[PDB]
Amino acid sequence: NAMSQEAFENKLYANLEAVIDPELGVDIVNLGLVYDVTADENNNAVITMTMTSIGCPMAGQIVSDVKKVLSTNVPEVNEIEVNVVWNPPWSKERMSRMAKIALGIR
């Protein structure tokens with residue numbers, strides 16, 4: 001069951017690539033904003049993430065986008081909780097290889 005939960009977590013995380021940070025035009029996964037996805041035996045999911053800055057104005061829109069994307073794209077998910085944390089703090093070092101390449105040019 002711990003391996004089934006892992007596979008569900010992985011599926012949830014991959015679907016978070018459809019959630020974009022509007023200010024950067026890059027998805028939250030490639031930005032490195034998603035710190036943890038965990039799912040219980042009943043497919044209740046907890047997504048722990050941060051924003052690019054405490055100030056970040058799109059925070060409300062990003063969170064509702066997470067719920068819409070997961071509930072729509074992964075219909076077998078049950079609860080969706082998004083916990084926004086500030087520790088450890090985000091930085092650009094957390095971006096993926098593709099994000100770093102894209103943002104060096106865009």
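So that you can scan it fast, the table gives a plain yes or no per residue for (1) in contact (Cβ under 8 Å) with a residue 40 or more places away in the chain; (2) assigned to a strand (DSSP E or B); (3) basic (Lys, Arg); (4) closer than 20 Å to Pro22 by Cβ:
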| position | (1), (2), (3), (4) |
| --- | --- |
| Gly55 | no, no, no, yes |
| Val66 | yes, no, no, yes |
| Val69 | yes, no, no, yes |
| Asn78 | no, no, no, no |
| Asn83 | no, yes, no, no |
| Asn87 | no, no, no, no |
| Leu103 | yes, no, no, yes |
Number of the exception - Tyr35 against (1) more than 13 Å from the chain's Cα centre (by Cα); (2) surrounded by 12 or more Cβ atoms within 10 Å (Cβ to Cβ); (3) hydroxyl-bearing (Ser, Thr, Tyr): (1)
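Here is a list: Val84, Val63, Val34. Which entry is in contact with a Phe, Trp or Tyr (Cβ under 8 Å, 6 or more places away or on another chain) and closer than 30 Å to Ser4 by Cβ?
Residue meeting the stated conditions: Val34.
Go through segment 49-70 and report how many residues are among the polar types (S, T, N, Q) and loosely packed, with under 15 Cβ neighbours inside 10 Å.
Step one: of segment 49-70, the residues among the polar types (S, T, N, Q) are 50, 52-53, 61, 64.
Next cut, loosely packed, with under 15 Cβ neighbours inside 10 Å only: 53, 61, 64.
Total meeting the criteria: 3.
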Mind checking which residues of segment 70-87 are farther than 17 Å from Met51 by Cβ and among the aliphatic types (A, V, I, L, M)? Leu70, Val74, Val77, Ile80
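Determine, yes or no, whether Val77 is more than 29 Å from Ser91 (Cα to Cα) and crowded, with 19+ Cβ neighbours inside 10 Å. Step through it out loud before you land on a result.
Values: more than 29 Å from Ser91 (Cα to Cα): yes; crowded, with 19+ Cβ neighbours inside 10 Å: yes.
The answer is yes for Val77.
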List pairs: first in segment 1-14 and within 22 Å of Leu31 (Cα to Cα), second assigned to a helix (DSSP H, G or I) and not basic (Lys, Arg), Cβ under 8 Å, 6+ apart or cross-chain? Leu12/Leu70; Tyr13/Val29; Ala14/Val29
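So, in segment 7-58, of the ones that are of a type in the set (D, E, K, R) and out of contact with any strand residue (DSSP E or B) (no Cβ under 8 Å at 6 or more places or on another chain), which residue ends up farthest from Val69 (Cα to Cα)? First the steps, then the outcome.
Our first condition is that a residue be of a type in the set (D, E, K, R); within segment 7-58, this holds for 9, 11, 17, 21, 23, 27, 36, 40-41.
Adding the requirement that they be out of contact with any strand residue (DSSP E or B) (no Cβ under 8 Å at 6 or more places or on another chain) leaves 11, 23, 40-41.
Values: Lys11: 12, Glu23: 18, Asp40: 19, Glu41: 21 Å.
This residue is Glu41.
Where a number appears in this text, it was derived from the coordinates with a stated rule and is not lab data. Every residue, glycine among them, receives a Cβ derived from its backbone with ideal geometry; neighbour counts consider all protein chains shown.
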